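Each chain gets a letter, A, B and so on, in the order the sequences are listed, and its residues count up from 1. Quick note: numbers below take in every heavy atom, side chains included, and nothing from hydrogens, waters or symmetry partners. Order of listing sets the numbers, starting from 1, for every ligand and every atom in it.
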Amino acid sequence: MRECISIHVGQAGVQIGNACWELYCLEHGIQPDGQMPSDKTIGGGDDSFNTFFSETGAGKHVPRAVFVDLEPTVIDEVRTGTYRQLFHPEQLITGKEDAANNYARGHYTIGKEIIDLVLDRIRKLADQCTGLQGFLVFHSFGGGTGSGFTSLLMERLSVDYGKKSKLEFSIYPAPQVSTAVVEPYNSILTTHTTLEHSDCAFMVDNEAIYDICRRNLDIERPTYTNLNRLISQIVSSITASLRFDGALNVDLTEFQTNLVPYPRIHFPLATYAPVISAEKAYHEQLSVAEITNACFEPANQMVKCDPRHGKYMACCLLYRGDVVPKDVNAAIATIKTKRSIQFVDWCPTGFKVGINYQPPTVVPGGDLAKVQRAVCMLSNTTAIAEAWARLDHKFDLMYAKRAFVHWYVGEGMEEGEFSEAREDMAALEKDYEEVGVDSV
Amino acid sequence: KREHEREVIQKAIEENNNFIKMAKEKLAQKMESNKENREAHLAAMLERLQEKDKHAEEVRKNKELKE
Amino acid sequence: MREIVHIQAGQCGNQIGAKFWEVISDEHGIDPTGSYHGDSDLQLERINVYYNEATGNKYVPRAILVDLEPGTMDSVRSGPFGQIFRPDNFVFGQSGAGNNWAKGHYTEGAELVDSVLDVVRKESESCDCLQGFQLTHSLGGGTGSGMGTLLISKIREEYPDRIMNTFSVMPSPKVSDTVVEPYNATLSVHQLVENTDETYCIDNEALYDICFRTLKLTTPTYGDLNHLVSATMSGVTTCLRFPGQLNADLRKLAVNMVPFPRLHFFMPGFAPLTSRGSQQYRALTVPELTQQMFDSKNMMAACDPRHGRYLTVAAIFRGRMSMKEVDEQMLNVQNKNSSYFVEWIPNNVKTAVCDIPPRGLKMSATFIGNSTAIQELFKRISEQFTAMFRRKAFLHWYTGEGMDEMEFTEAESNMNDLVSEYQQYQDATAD
Ligand SMILES: *[C@H]1[C@@H](C)[C@H]2[C@@H]([C@H](O)[C@H]3[C@H]4[C@H]([C@H](OC(C)=O)[C@H](OC(C)=O)[C@@]32C)[C@]2(C)[C@H](C[C@@H]3O[C@@H]3[C@@H]2OC(C)=O)C(=O)[C@@H]4O)[C@]2(C)[C@@]1(O)OC(=O)[C@@]2(C)O
Ligand SMILES: Nc1nc2c(ncn2[C@@H]2O[C@H](COP(=O)(O)OP(=O)(O)OP(=O)(O)O)[C@@H](O)[C@H]2O)c(=O)[nH]1
Ligand SMILES: Nc1nc2c(ncn2[C@@H]2O[C@H](COP(=O)(O)OP(=O)(O)OP(=O)(O)O)[C@@H](O)[C@H]2O)c(=O)[nH]1
Ligand SMILES: [Ca+2]
Ligand SMILES: [Mg+2]
Ligand SMILES: [Mg+2]
C-alpha cells in the first residue's frame with residue numbers, strides 16, 4: 001500500500017504527465033499495452049512500483065492517475081497516442097471549452113461544470129487503494145486551467161480527504177514559452193488559494209529548464225518536448241524513493257520532515273545532475289563527487305535564484321544508480337570546505353542522503369545521455385523567494401493600472417480577491433525574510 | 001495521563017474537522033458570491049441592449065410622427 | 001471543435017469577405033466545389049473552425065452573406081468560390097441604403113435583421129462549441145456600417161458570452177468622395193466601442209498609401225486594396241486555423257490583446273510589402289522582415305506607432321525559418337524600441353511561428369498591435385465629422401429616418417472619450 005495518486009491538470013500538467021509515465025514504464029519494464037513480464041504476481045501485489053501502478057486481472061499495469069483539461073485536444077493525443085492502452089478511458093477527462101488563460105474561468109465559470117465528475121473519478125482510484133498516502137498534482141501557474149481549476153480541485157480535495165498529503169509540481173512562467181500576458185495574475189491567485197491546501201510544492205521555472213536545454217544539451221530553441229523530458233527525469237528522481245525499494249532508499253516523506261520547518265515554508269529548490277549530451281558523455285565518467293558538486297552550481301537549478309546569497313534550512317541529496325555511501329561522504333566533505341553553504345542558526349547543518357540503486361533511464365529519441373549515476377538535490381533555501389519577488393513585481397506593474405482585470409471581474413471575481421492574494425504573497429516574502437534572521 | 005492522552009487526540013480530531021468545515025464553507029461562499037457577480041454583470045449587459053431596442057422603437061416612432 | 005460564425009455585410013464586407021474565403025480555402029486545400037484536394041493533415045486539423053462538413057465529404061464555409069442591395073448577391077455567387085457558399089445563407093433586401101447609416105441601423109436594415117438572425121441561429125445551433133462571431137464590413141457606407149452594427153447588438157443579445165470580432169474598413173477621401181462617410185463612421189465607432197470585443201482597423205487611407213507609395217501603383221483598384229486586406233486577414237486568423245500554442249482562439253486573443261474593454265481597436269500590419277521591381281523577397285532576412293513589420297509604412301491603419309505606445313502586440317511569422325532567429329530579432333526590436341512599449345505591462349509582445357506560408361511568399365510576418373497611436377485614425381475621422389456637423393450638412397438624411405441630432409453629439413463625444421483614454425494610458429508610467 002502507501003499508494004500515490006497523480007493528477008495532471010491543464011496542458012502543462014498533462015504533457016508533463018505523458019513524459020513522466022512514459023519514463024516510469026521504461027524504468028519498471030512496463031510495455032505500452034501495460035504488460036510487465038517481470039511481474040509474477042498477476043492482478044495485484046504490494047511491490048514498490050504498485051504505489052504508482054494498479055494491476056488488472058489481465059496483467060495490465062495501470063497508472064494511478066487522472067488527466068484533466070477543460071478542452072479536449074491535448075488529452076485527445078493521449079487517447080490516440082502510443083500509451084493509449086495504458087489508461088482506462090475514464091482516467092482521461094475533458095471538457096469542450098478551456099479557461100482562456102483566465103483563473104476565474106478555471107476556478108469558477110468553466111471549472112465548476114466538471115469538478116464533480118473529476119472528484120468522482122479520483123474517488124474511483126482512491127477506493128482501489130488499501131493505504132492511500134496522498135496526491136501529486138501537476139499543473140502550470142500561468143494557464144487558466146492550471147491555475148484556476150487546480151486551486152478549485154485542491155480546495156475540494158482538502159474537504160473530501162482531510163489532511164491527506166498533497167504535493168505539487170508547479171510550472172513557473174518564463175517569457176521564452178509563455179502564452180499569456182496575465183500569467184502573473186494567475187500565478188499569484190493560485191498560489192494564494194492553494195497555499196493552505198498544499199503540504200509541499202516543487203516549482204519548475206520554465207526559464208531555468210529552457211536555459212539548461214540550451215546550454216547543457218545544445219538545443220537551439222527548446223520545445224515543450226525538450227523541456228518535459230528533462231522535467232520528467234527530475235520528477236522521477238523525486239518519486240523513485242516511492243517506486244523502488246532498497247536498503248539505503250530514503251522515502252520522500254522522510255525528506256519532507258526536514259524540508260518543511262513551517263507549513264507555509266514548503267517550497268524546496270530542486271537541482272539535478274548530470275544533464276549532458278551523448279556527444280559529450282562519450283568517454284566521460286561523471287563521478288559521485290562531480291555530480292554532487294554540480295548540485296551547488298546555480299545553473300543546474302530548477303528555479304532561477306541564488307542560494308549563495310540566501311540561507312539554507314535543509315539540504316537533501318537523492319542519488320540514483322552506481323553510488324555507495326563512502327563516495328557520497330567524501331564528496332560532501334569536500335563541498336563543506338569550499339562552497340557557500342550557510343545555514344540558518346536554528347537548524348542542523350547535516351545533509352540528508354538517500355540512495356536508489358536502479359540506474360537512470362532515458363527515453364529513445366531524447367537529448368539526455370544515459371549515465372551510470374545521477375543526483376537530485378532538494379534544498380530549503382530562502383533564495384527561492386526570489387521567484388516570488390519577480391512574479392509579484394510583474395503583478396504590481398499591471399494591477400496598479402488594473403490592466404486585464406475586467407476579464408476576471410466579468411467572470412464574477414472581485415478586486416478584493418486580487419489584493420487579498422497579493423497581500424498573502426507579501427506576507428510569504430516576509431516569512432522567508434524572517435526565517436533567515438538570526439535568533440536572539 | 002490517560003485523561004491528557006484522550007484530550008490530545010480529541011483536539012487533533014477537532015482541529016482537522018474545523019479545517020475541513022471552514023474549507024467547505026469558504027468555498028461554498030466563494031462560488032455563490034461569484035455566481036451572483038457574473039449573473040449581475042450579464043444582466044446589466046442585457047439591460048443595456050434592451051435600452052437600445054427601446055431607443056430604436058422610439059426612433060422609428062419618431063419617423064412616423066414626422067410624416 | 002470551436003466554431004466561428006462569419007458574417008459579411010454590404011458591398012465592402014462581401015467583397016473582402018469573398019476574398020478571405022478564397023484565400024483560406026486555398027490554404028486549407030478546399031476547391032470551389034468544397035472538396036479537399038490538399039496533401040497536409042495540418043490543413044484539415046482545425047478545418048471545422050471555419051467550415052461545416054456536408055454530404056460527400058464537402059466543406060461549406062460557416063458564412064452568412066448580407067446586403068440591402070440585391071445585386072451583390074449575384075456578384076458573390078458569380079465570383080470564384082461563389083458556388084461554395086450555402087444557398088440559404090444569402091440574405092438580401094431590395095435596395096441599398098444609399099450611404100445612410102440610419103437606414104441600415106434603424107429602418108430598412110432593421111426590417112431585414114430578423115431574417116439574418118434566423119440564419120445565424122441555424123448555423124450556431126449546429127456548433128459543437130461556438131466560440132464567437134466574425135463580421136466584415138465598411139463603416140463608410142450605410143448597410144455594412146448601419147446594419148452591421150445593428151447585427152452585432154442583436155447577436156450580442158442572444159450570445160452575450162461569446163466573442164464578437166470585426167474587420168472594419170475605415171473610410172478615406174483618397175478612395176471614396178462620398179461626403180457623409182464621416183457621419184457613418186462615427187456612428188459606427190459609437191456602436192463598436194460598446195458592443196465588440198475586438199476590432200481590426202482596416203484603413204482605406206493606409207491601403208491606398210501602401211499601393212501608391214510602396215507598391216508604386218498609379219491607380220489602385222478595390223481588388224488591389226483587397227489583396228492587402230485578404231493577406232492580412234489570412235495572417236491574423238492563422239493562429240485560429242492551424243494547430244499552435246499562441247492565441248489559438250478568439251477569447252485567448254482578446255485576453256492577451258485587450259487590457260481595458262473599450263480599447264480593443266487594433267492596428268494590423270503585414271510584411272513584406274515590396275514592389276515587383278527590386279525585391280520580391282530575394283533575401284529579405286528575418287531581421288529585415290522584423291524591422292519592416294514594425295514600421296509605419298507596413299501598417300493597415302494610417303497611424304505612426306512611434307507617435308504612441310504599444311499596450312499589447314501579437315506577431316505571427318509564417319514559412320520555413322529559424323525560430324531561434326525570430327526569437328532573437330523580436331527581443332532586439334523590443335530592446336531598441338523599448339520606449340514604444342508600455343513599461344507597466346511586462347512581456348506584452350507575443351510571437352507565433354506557423355510553418356505554412358501564404359500563397360506566393362516563402363516567408364511573411366503579420367502584425368497585430370494595440371497602440372495608443374490609433375487615436376490618429378479616430379482624430380482624422382473626428383476632424384472630418386466636425387467639418388460636416390458644424391453646418392449640419394446632410395443631417396436631414398438621418399433625422400428623416402427619425403434620428404435626433406443628440407445621437408450625433410453622443411457618438412462624437414464617445415469617440416472623443418476613446419481618444420483621450422488611449423492618451424491616458426500613453427502618458428501613464430510605472431512610477
Ligand atoms: C492589382 C495588382 C496590383 C495585383 C494583382 C495580383 O493579384 C497581385 C499579386 C501581388 C502583387 O503585389 C505586387 C507585385 O506588388 C499585386 O498586388 C498588389 C500590388 O497589391 C498584384 C499584381 C503579389 C504578386 C502576390 C504574390 C506575392 O506576394 C507578392 C505580391 O503581393 C504583394 C503584397 O507584394 C500575388 O500573388 C498577387 O497575385 C491584381 C489582379 C490586380 O491586378 O487586381 C487585383 O484584384 C489583384 C490584386 O488580384
Ligand atoms: N514545461 C512545460 N510548460 C508548459 C507546457 N505546456 C504549457 N506550459 C506552460 O504553461 C503555461 C500556460 O498554461 P497551460 O497549461 O498551457 O494552460 P491550461 O492549463 O491548459 O489552461 P487554459 O488553456 O487557459 O485552459 C505557460 O507558461 C506555458 O509555458 C509543457 O508542456 N511543458
Ligand atoms: N477596401 C475596400 N473598401 C471598400 C470596398 N467596397 C466599398 N468600400 C468602401 O466602403 C465605403 C462604402 O461602403 P459600402 O460597403 O460600399 O456600402 P454598403 O455597406 O453596401 O452600404 P450601402 O451601399 O449604403 O447600402 C467606401 O468608403 C468605400 O471606399 C472594397 O471592396 N474594398
Ligand atoms: Ca503484481
Ligand atoms: Mg489549455
Ligand atoms: Mg451598397
Side-chain angles (χ1 to χ4, degrees), chain A residues 9-19 69-71 74 95 97-103 105-106 110-111 139-150 171-180 183 186-187 204-206 209-210 222-228 230-231, chain C residues 9-19 66-69 71-72 93 95-101 103-104 108-109 137-148 169-178 180-181 184-185 202-204 207-208 221-226 228-229 245 248-249 251-252 255:
Chain A
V9 184
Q11 177 178 298
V14 164
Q15 293 191 153
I16 289 168
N18 294 336
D69 204 357
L70 297 180
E71 62 110 353
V74 180
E97 188 181 8
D98 62 34
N101 292 317
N102 191 337
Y103 172 97
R105 289 172 59 83
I110 306 301
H139 69 104
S140 68
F141 274 168
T145 299
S147 68
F149 188 77
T150 297
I171 313 312
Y172 175 104
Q176 292 84 355
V177 294
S178 68
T179 47
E183 286 193 39
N186 296 336
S187 302
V204 179
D205 185 349
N206 262 346
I209 306 304
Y210 199 84
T223 68
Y224 286 141
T225 299
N226 299 131
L227 302 186
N228 292 347
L230 176 50
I231 292 167
Chain C
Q11 178 182 124
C12 182
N14 276 275
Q15 295 271 30
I16 68 174
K19 239 253 182 66
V66 181
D67 201 338
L68 285 166
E69 258 295 335
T72 50
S95 65
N99 299 318
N100 194 332
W101 186 93
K103 281 189 179 182
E108 283 137 50
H137 67 150
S138 67
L139 306 195
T143 304
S145 61
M147 196 192 171
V169 177
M170 310 281 169
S172 175
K174 295 180 184 174
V175 177
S176 166
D177 55 19
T178 304
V180 286
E181 296 199 353
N184 306 327
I202 310 294
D203 191 7
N204 270 349
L207 298 180
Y208 177 87
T221 66
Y222 273 131
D224 286 332
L225 301 191
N226 291 351
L228 300 175
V229 178
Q245 282 295 309
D249 67 89
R251 190 171 304 273
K252 277 193 180 184
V255 168

Any donor-acceptor pair under 3.5 Å from A/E183 side chain to A/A180 backbone | yes
Using a strict 4.0 Å cut-off to heavy atoms of C/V175, name the atoms of ligand 3 that fall inside it.
-> 29 (O)
Looking only at protein heavy atoms, which one is nearest to atom 20 (O) of ligand 2, and how far off is it?
-> A/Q11 N, 3.1 Å
Within a distance under 4.0 Å of any heavy atom of A/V177, pick out the atoms of ligand 2 and give their elements.
-> 28 (C), 29 (O)
Distance only, no hydrogens: is a donor on one side chain within 3.5 Å (strictly under) of an acceptor on the other, for A/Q11 and C/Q245?
-> yes
Looking only at distance, does A/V9 have an N or O less than 3.5 Å from an N or O of ligand 2?
-> no
Closest protein heavy atom to atom 14 (P) of ligand 2, given as residue, atom name and distance to 0.1 Å | A/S140 OG, 3.6 Å
Closest to atom 28 (C) of ligand 2 among protein heavy atoms sits A/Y224 OH, 3.2 Å
Quick check: does any side chain N or O of A/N186 sit under 3.5 Å from a backbone N or O of A/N101, one acting as donor and the other as acceptor?
-> yes
C/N184 side chain vs C/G141 backbone, donor-acceptor pair below 3.5 Å = yes
Proximal candidate to atom 15 (O) of ligand 2 [heavy atom criterion; set A/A12, A/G142, A/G148, A/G143] | A/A12
Heavy-atom contacts with A/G10 under 4.0 Å: which atoms of ligand 2 show up? List them by number with element.
-> 19 (O), 20 (O)
salt_bridge(C/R251, A/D98) N-O dist < 4.0 Å = no
Distance-only, no hydrogens or angles: does the C/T221 side chain make a donor-acceptor pair with backbone N or O of C/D224 under 3.5 Å?
-> yes
C/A97 contact mode with ligand 3 (heavy-atom cut-off under 4.0 Å) | both
Run the contact test for C/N204 against ligand 3 with a 4.0 Å cut-off on heavy atoms, strictly below, and give the result.
-> yes
Quick one: are A/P173 and A/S187 in side-chain contact, heavy atoms under 4.5 Å?
-> yes
C/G96 heavy atoms, cut-off 4.0 Å: which ligand 3 atoms fall inside?
-> 25 (O)
Is a donor on one side and an acceptor on the other found under 3.5 Å between the side chain of C/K19 and the backbone of C/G223?
-> yes
Below 4.0 angstrom from a heavy atom of C/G142, which ligand 3 atoms are there? Numbered from 1 as shown, please.
-> 21 (O), 22 (P), 24 (O)
Restricting to heavy atoms, the pick from C/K19, C/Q11, C/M147 nearest atom 18 (P) of ligand 3 would be C/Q11
Donor-acceptor pair, side chain of A/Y210 and main chain of A/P175, under 3.5 angstrom | no
A/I231 touching ligand 2 at heavy-atom level, < 4.0 angstrom = yes
Would you call C/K252 a ligand 2 contact, heavy-atom distance under 4.0 Å?
-> yes
For atom 3 (N) of ligand 2, what's the nearest protein heavy atom and its distance?
-> A/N206 ND2, 3.2 Å
Minimum-distance protein heavy atom relative to atom 24 (O) of ligand 2 | A/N101 N, 2.7 Å
Taking all heavy atoms of C/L139 and all of C/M170, pick out the closest pair and write down the distance.
-> CD1-SD, 3.5 Å
Where is the nearest protein heavy atom to atom 27 (O) of ligand 2: which residue, which atom, and how far?
-> A/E183 OE1, 2.7 Å
Shortest non-hydrogen contact from A/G111 toward A/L70 | N-CD1, 4.3 Å
So is C/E181 in contact with ligand 3, going by heavy-atom distances below 4.0 Å?
-> yes
Numbered atoms of ligand 2 (with element) below 4.0 Å of A/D69, judged on heavy atoms = 20 (O)
Atoms of ligand 3 under 4.0 Å from any heavy atom of C/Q15, numbered from 1 in the order shown, are 31 (O)
Closest non-hydrogen protein atom to atom 25 (O) of ligand 2, residue and atom name please, with distance?
-> A/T145 OG1, 2.7 Å
Look only at the side chain of C/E181 and the backbone of C/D177, and say whether a donor-acceptor pair between them is shorter than 3.5 Å.
-> no
For ligand 3, find out whether one of its N or O atoms is nearer than 3.5 Å to an N or O atom of C/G10.
-> no
Short side-chain to backbone donor-acceptor contact, C/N99 and C/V180, under 3.5 Å | no
Keeping the roles fixed (side chain from C/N226, backbone from C/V229), state whether a donor-acceptor pair exists under 3.5 Å.
-> no
For ligand 3, is there an atom lying under 4.0 Å from some heavy atom of C/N99?
-> yes
Answer yes or no: is there a donor N or O on one side and an acceptor on the other, between the side chain of A/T223 and the main chain of A/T225, under 3.5 Å?
-> yes
Residue and atom name of the nearest protein heavy atom (relative to atom 31 (O) of ligand 2), distance in Å to one decimal = A/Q15 NE2, 2.6 Å
